[PDB]
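Worksheet: one structure, shown below.
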Amino acid sequence: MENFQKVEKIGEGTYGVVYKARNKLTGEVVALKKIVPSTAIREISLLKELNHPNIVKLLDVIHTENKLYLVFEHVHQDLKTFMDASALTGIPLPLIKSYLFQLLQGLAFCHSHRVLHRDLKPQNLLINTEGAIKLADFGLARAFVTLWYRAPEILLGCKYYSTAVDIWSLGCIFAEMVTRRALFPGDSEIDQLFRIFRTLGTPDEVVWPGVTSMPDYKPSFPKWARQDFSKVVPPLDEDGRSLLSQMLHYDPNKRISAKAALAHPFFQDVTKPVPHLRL
Ligand SMILES: O=C(Nc1ccccn1)Nc1cccc2c1[C@H]1CCCN1C2=O
């Protein structure tokens, strides 16, 4: 719109292009997402009221000339760029633990309001100079291609997934921060499923009741044995490995909720360290 001066392209998701921009009427720098179904307008208005320290604030919604723009608060850097900048030494454990803890508080808040993210990835986790991290793009999937973070139930064709899909994605991110390598970098839906099966074991009715009756399950899937987590995420300690194994349970009903994960022994010594970032 005319009240906004675009400074540059921040990025672009499936739902649209994002720009860093200046709001001439306030002078504030903002993240402007250019995306209209009445249903959408409604759902979005709801997201506007959801306020929490670990969620990127939706400042305003501009439905104009039959176009839809979302104006969000701007946050200094994304987690992916910080991970790449830290690949030689890795992110310090105390910061990994602070970031996971905060992300769980945000997810717990969202989940209590029945809002799922559905597409968590490093690119949409934003960090500031003060040690905080925030979830961006939450609620949009509902409102309106890396498969690395997708829960198995989505890959198997389940249409009514729950809050548990977000815990799965967070577990994959947790592992990636620790080892500095993506946990399941599949390049197609089937390759993704198979990379998951090769590490966690092909699922069956014992570990996942109902799995064989999922829309895309095939009796012909290969049968791989489960690997030990000590091999998958060294040097994560045993408390960290136990929390991770619970976030990665195959059955969505057995997967740990964001709320219960906040009381896990892993977080007993959390602190809030300030990162070493270059903007
Ligand atoms: O504030 C932001 N900063 C930033 C910095 C570097 C890279 C990306 N973003 N970004 C920001 C803020 C609100 C919403 C969105 C974003 C970007 C991140 C990926 C997709 N986008 C969104 O939908």
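Computed from heavy atoms alone, side chains included, the values below leave out hydrogens, waters and symmetry copies. Residue indices begin at 1 and follow the sequence shown. Read the numbers this way: they start at 1 and go in the same order the structure lists the ligands and their atoms.
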Atom pairs, nitrogen or oxygen, ligand 1 to protein, under 3.5 angstrom:
unit_1, atom_1, unit_2, atom_2, d
ligand 1, 1 (O), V75, N, 2.8
ligand 1, 1 (O), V75, O, 3.3
ligand 1, 3 (N), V75, O, 2.9
ligand 1, 23 (O), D137, OD1, 2.3

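- With respect to the salt-bridge test (charged N to carboxylate O, under 4.0 angstrom), the residues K218 and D216 do not qualify.
- Comment: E176 does not engage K80 in a salt bridge, judged by the lack of any side-chain N to carboxylate O separation of less than 4.0 angstrom.
- Hydrophobic clustering places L279 together with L125 (ILVMFWY residues linked when any side-chain heavy atoms are closer than 4.5 Å, directly or through intermediates).
- Within the 4.5 Å cutoff, the side chain of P92 has heavy atoms near those of the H276 side chain.
- The shortest distance between side-chain heavy atoms of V30 and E73 does not fall below 4.5 Å.
- For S242 and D239, the side-chain atoms include no donor-acceptor pair closer than 3.5 Å.
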